Amino acid sequence: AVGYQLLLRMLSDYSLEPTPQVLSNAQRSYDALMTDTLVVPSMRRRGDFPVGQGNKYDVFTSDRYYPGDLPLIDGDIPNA
Amino acid sequence: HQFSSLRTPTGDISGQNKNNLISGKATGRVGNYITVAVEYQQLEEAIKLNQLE
């Protein structure tokens, strides 16, 4: 993958245009490289979304509402 | 308190070597903490454990 990308970036030095087979090979290698590194993040609950009574909410199990982005408050540093 | 006596045969001896009064103490205090602590991923724990009991 890296070799084909570098070759595509270097052909212009000698002013040689590429060929369809070389382009296809570079595309396939880059696609494999991109496949090997995928994130696909999973969206989290909003934060004001209620948690039903089925999930028994108590001091030691779960809170009434889903946890969200809000950072826990230290108590010092009150304003952000 | 404890006391010790004298053995003499005379009675008008109102002035002599008497006992003494010493007070003692027994002092009790507090010990060190009895602490047990666990660190763990609460979500992974609660996967299959209700109320963390």
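Just so you know, all these numbers are worked out from the coordinates, no wet-lab data involved. Quick reminder, even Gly has a Cβ in these numbers, built from the backbone with ideal geometry, and neighbours come from all protein chains shown.
Looking at B:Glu53, B:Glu45, which one is in contact with a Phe, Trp or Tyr (Cβ under 9 Å, 6 or more places away or on another chain), among the charged types (D, E, K, R) and within 14 Å of another protein chain (Cβ to nearest Cβ)?
Numbers: B:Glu45 fails: in contact with a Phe, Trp or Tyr (Cβ under 9 Å, 6 or more places away or on another chain).
Every option except B:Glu53 fails the conditions.
For the criterion of being exposed (fewer than 10 other Cβ atoms within 10 Å of the Cβ), of a type in the set (S, T, N, Q) and more than 14 Å from chain B (Cβ to nearest Cβ), A:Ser15 passes.
Screening A:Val22 on (1) within 14 Å of chain B (Cβ to nearest Cβ); (2) out of contact with any strand residue (DSSP E or B) (no Cβ under 9 Å at 6 or more places or on another chain) shows it passes everything except condition (1).
How many residues does the stretch B:2-53 hold that are in a loop (DSSP other than H, G, I, E, B) and surrounded by 10 or more Cβ atoms within 10 Å (Cβ to Cβ)? Steps first, answer last, please.
The initial filter retains those residues of the stretch B:2-53 that are in a loop (DSSP other than H, G, I, E, B), namely B:2-41, B:47-49, B:53.
With the extra rule that they be surrounded by 10 or more Cβ atoms within 10 Å (Cβ to Cβ), the set shrinks to B:19, B:49.
Count: 2.
All of A:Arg28, A:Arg45 fail the test of being within 27 Å of the chain's Cα centre (by Cα) and in a helix (DSSP H, G or I), apart from A:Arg28.
Of everything listed in (1) surrounded by 11 or more Cβ atoms within 10 Å (Cβ to Cβ); (2) more than 14 Å from chain B (Cβ to nearest Cβ), the single unmet condition for A:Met10 is (1).
Inspect the stretch A:68-79 for any residue being touching a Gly at 6+ places or on another chain (Cβ under 7 Å) and within 13 Å of chain B (Cβ to nearest Cβ) and give the result as yes or no. No, the stretch A:68-79 contains no residue that is touching a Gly at 6+ places or on another chain (Cβ under 7 Å) and within 13 Å of chain B (Cβ to nearest Cβ). Just one of the numbered conditions (1) more than 14 Å from chain A (Cβ to nearest Cβ); (2) under 30 Å from A:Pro67 (Cα atoms); (3) over 26 Å from the mean Cα position of the chain (by Cα) is not true of B:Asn19: (2).
Going through the stretch A:48-66 one residue at a time, which ones are touching a residue at least 12 places away in the same chain (Cβ under 8 Å) and small (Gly, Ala, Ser)?
Looking only at the stretch A:48-66, we keep the residues that are touching a residue at least 12 places away in the same chain (Cβ under 8 Å), and these are A:48-51, A:63-66.
Result: no residue meets the conditions.
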